[PDB]
Amino acid sequence: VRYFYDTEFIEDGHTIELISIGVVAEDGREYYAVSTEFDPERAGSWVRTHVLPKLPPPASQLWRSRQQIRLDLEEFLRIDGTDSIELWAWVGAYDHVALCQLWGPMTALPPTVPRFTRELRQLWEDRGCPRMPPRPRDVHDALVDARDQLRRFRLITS
Amino acid sequence: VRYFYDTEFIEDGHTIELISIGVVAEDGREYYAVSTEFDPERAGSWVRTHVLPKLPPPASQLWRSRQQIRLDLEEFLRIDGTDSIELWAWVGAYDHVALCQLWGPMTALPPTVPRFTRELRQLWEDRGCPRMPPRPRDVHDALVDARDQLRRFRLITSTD
Ligand SMILES: Nc1ncnc2c1ncn2[C@@H]1O[C@H](COP(=O)(O)O)[C@@H](O)[C@H]1O
Ligand SMILES: Nc1ncnc2c1ncn2[C@@H]1O[C@H](COP(=O)(O)O)[C@@H](O)[C@H]1O
Ligand SMILES: Nc1ncnc2c1ncn2[C@@H]1O[C@H](COP(=O)(O)O)[C@@H](O)[C@H]1O
Ligand SMILES: [Mg+2]
Ligand SMILES: [Mg+2]
Ligand SMILES: [Mg+2]
Ligand SMILES: [Mg+2]
């Protein structure tokens, strides 16, 4: 049913070039990958500072082509499976576009992937902004961030 | 406080090329603009059939440059006024990026404009999936669509 995701990327007002994506399922399963296809030379100061140094070493099998990440997510999200799929992120408009663009134009998204991502900050506000734990030390690592979103959701819906 | 918006665009898996944007305020004010900068020749069949035919005539003042649209939104949203801005759309990921891209990168969004758009489809489910009126005939006209979102918002929230 529910997946919580977050991405890092280099975005210049025109494209969103995926660096990494973390996805964590309410059931416990976790997926993380880093694209071998973004150009680190195109990163701005902020991304160079906060994002790139947290990436796995270059030898890690966590580094994957975009075709591999798409295929990995079709499996991970169980797109062919029995359960309905619900995607969640925090303040995730660009995250949703980054995800969908692994498949192409919005058209190309598998029939069972939702055409919207539920906005965890909206749920949080709707429930009176209950106290959340402080942000993890390793923010801007997309798996750490994705994990933190499931944590928040569990707390909010507790 | 609250603004309801919709956008039309040509999206290709790489970029989102803005066609038009409609914004309606809770107070009754309305804004609509069609960009002079997108290339209608890229549009696919669906956009050609459902979007382009609804655009104003060539000489309408509704046609504006992207820089003028940004300027018009800074004023329309009252970005220097004291109200906090809340933006809402229905199934609004691409709309939010299209809106925010009138300022360029994330970096450049005026600090008073929220970094997220509230998802009206998400609020609808949360409030028990109330039966809604049908969508208007003239859907795919961004101002029509924006107006209809403020309408559904008022109906969804009427006993909150
Ligand atoms: N303060 C910021 N300055 C510049 N880019 C940012 C900033 N916050 C977020 N981003 C961009 O948004 C992506 C997702 O952000 P996050 O999930 O906060 O790490 C980052 O990889 C950057 O491209
Ligand atoms: N059924 C569809 N097929 C192809 N593109 C679509 C479809 N629905 C929406 N779009 C795209 O999404 C934009 C906004 O959709 P809307 O707000 O429904 O009028 C359009 O301007 C198109 O680029
Ligand atoms: N200008 C922006 N437009 C959209 N999303 C943004 C922008 N700047 C930052 N974000 C996102 O906001 C997330 C953090 O939200 P929050 O901690 O509630 O401020 C970041 O991880 C980014 O992914
Ligand atoms: Mg994030
Ligand atoms: Mg590839
Ligand atoms: Mg992150
Ligand atoms: Mg729309």
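Method of determination, as given in the entry header: X-ray crystallography; reported resolution: 1.70 Å.

Chemist: Explain the UniProt feature "binding site: Mg(2+)" in chain A to me, and be specific about the residues and the numbers.
Modeler: UniProt's feature table lists "binding site: Mg(2+)" at A:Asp6, given in the numbering used throughout. With respect to the helices, strands and loops of the structure, A:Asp6 is situated in strand β1 (residues 2-11).

Chemist: Report on the interface of chain B and chain A, specifying residues and quantitative values.
Modeler: If you look at the interface, chain B gives 28 residues, while chain A gives 26 residues. Together, the buried faces of chain B and chain A total about 2400 Å²; carbon and sulfur atoms form 59% of this surface. By the criterion of area lost to chain A, the three top residues of chain B are B:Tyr94, B:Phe116 and B:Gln122, representing 26% of everything that side buries. Linking chain B to chain A there are 3 salt bridges. In this structure, A:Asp126 and B:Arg127 form a salt bridge, with 2.8 Å as the shortest nitrogen-oxygen distance.

Chemist: Pulling in residues and values, what's your account of helix α3 (residues 93-100) of chain A?
Modeler: Counted residue by residue, α3(A) has 8 buried out of 8 residues, so it is predominantly covered. What α3(A) keeps buried is the set A:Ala93, A:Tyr94, A:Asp95, A:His96, A:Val97, A:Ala98, A:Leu99 and A:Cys100. In this structure, the buried side of α3(A) is in contact with β1, β2 (16-25), α2 (66-76) and β5 (86-89) of chain A together with α3 (93-100) of chain B.

Chemist: Outline the UniProt feature "binding site: Mg(2+)" in chain B, listing residues and values.
Modeler: Residues and elements named next belong to chain B. Sequence positions flagged by UniProt for "binding site: Mg(2+)" are, in local numbering, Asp6. Mapped onto the fold, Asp6 is located in strand β1 (residues 2-11). Exposure remark for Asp6: the relative accessible area of 11% places this residue in the buried category.

Chemist: A description of the site of ligand 3 should follow, citing residues and the corresponding values.
Modeler: Ligand 3 sits among A:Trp90, A:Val91, A:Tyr94, A:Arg121, B:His96, B:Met106 and B:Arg115. Within the contact set of ligand 3, a nitrogen atom lies 3.0 Å away from a backbone nitrogen or oxygen of B:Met106. In this structure, B:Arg115 approaches ligand 3 through a main-chain N or O atom, which is 3.2 Å from a nitrogen atom. Burial of ligand 3 by the surrounding chains reaches 63%, relative to a free accessible area of 510 Å². At a threshold of 2 Å from the grid points, most atoms of ligand 3 map onto the largest pocket.

Criteria and thresholds
Residues numbered from 1 in each chain as written, not as in the entry; some residues may be left out. Chains lettered and ligands numbered in written order. Heavy atoms only, no water. UniProt positions renumbered as here; feature names shortened; annotations may be inferred. Helix = DSSP H or I, 4+ residues; strand = E, 2+ residues; numbered from the N terminus. Contact = heavy atoms within 4.5 Å. Buried area = accessible area lost by both parts, 1.4 Å probe. Salt bridge = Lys/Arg side-chain N within 4 Å of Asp/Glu carboxyl O. Buried < 20%, exposed > 50% of the residue type's maximum accessible area, 1.4 Å probe, protein only. Near = heavy atom within 4 Å. Polar contact = N/O pair within 3.5 Å; in protein donor to acceptor, adjacent residues only side chain to side chain. Areas by Shrake-Rupley, 256 points an atom, 1.4 Å probe, with all protein chains shown as cover. 1 Å grid on protein atoms, 1.4 Å probe; cavity = no way out; pocket = protein on both sides within 12 Å on 5 of 7 lines; lining within 4 Å. Sits in = over half its atoms within 2 Å of the grid points.

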